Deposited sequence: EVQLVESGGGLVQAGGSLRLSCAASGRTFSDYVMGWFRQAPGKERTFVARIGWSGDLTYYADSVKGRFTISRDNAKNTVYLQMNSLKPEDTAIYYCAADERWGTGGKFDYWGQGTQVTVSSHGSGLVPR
């Protein structure tokens, strides 16, 4: 099975930025669509962004499109989420996810906290 390990969470001031990363291992990384989800403490886990196998096709939730950028490096088995212009409402636990097909993902990371101070 594929293992996903997120990195890069932290505390940032409103208007700032963070880059999350997620390293996949155990199977050929280029066989998987990679996605990011987030769960705010009082809401259910919601979709953030996903990227196609080759890194060309990307899709973003309305609430983050234009501020967040998803990318991948298939030689490093890593997917990235560059989060710019952060808002307090971006505060959440962010989860990496993987699936061979393009809300259901077979594999999930353990989550990393992102806190945006007002």
Report summary line: Per the record, deposited positions without any C-alpha are 103-105, 122-129
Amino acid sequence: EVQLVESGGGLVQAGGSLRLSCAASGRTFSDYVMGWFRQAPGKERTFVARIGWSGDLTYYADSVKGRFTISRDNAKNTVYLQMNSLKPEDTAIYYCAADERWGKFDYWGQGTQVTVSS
From here on, numbers count along this sequence of modelled residues.
Requested in this report: Pick between 34-42 and 60-68: the one whose mean CA B-factor in the entry is higher.
Outcome: 34-42
Query raised in the report: Out of 24-32 and 70-78, which stretch has the higher average CA B-factor listed in the record?
Result: 24-32
Requested in this report: Going by the recorded CA B-factors, say which third of the chain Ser17 sits in, lowest, middle or highest.
Outcome: lowest
Requested in this report: Among all modelled residues of this chain, ranked by Cα B factor, put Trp108 in the bottom, middle or top third, i.e. lowest, middle or highest.
Outcome: middle
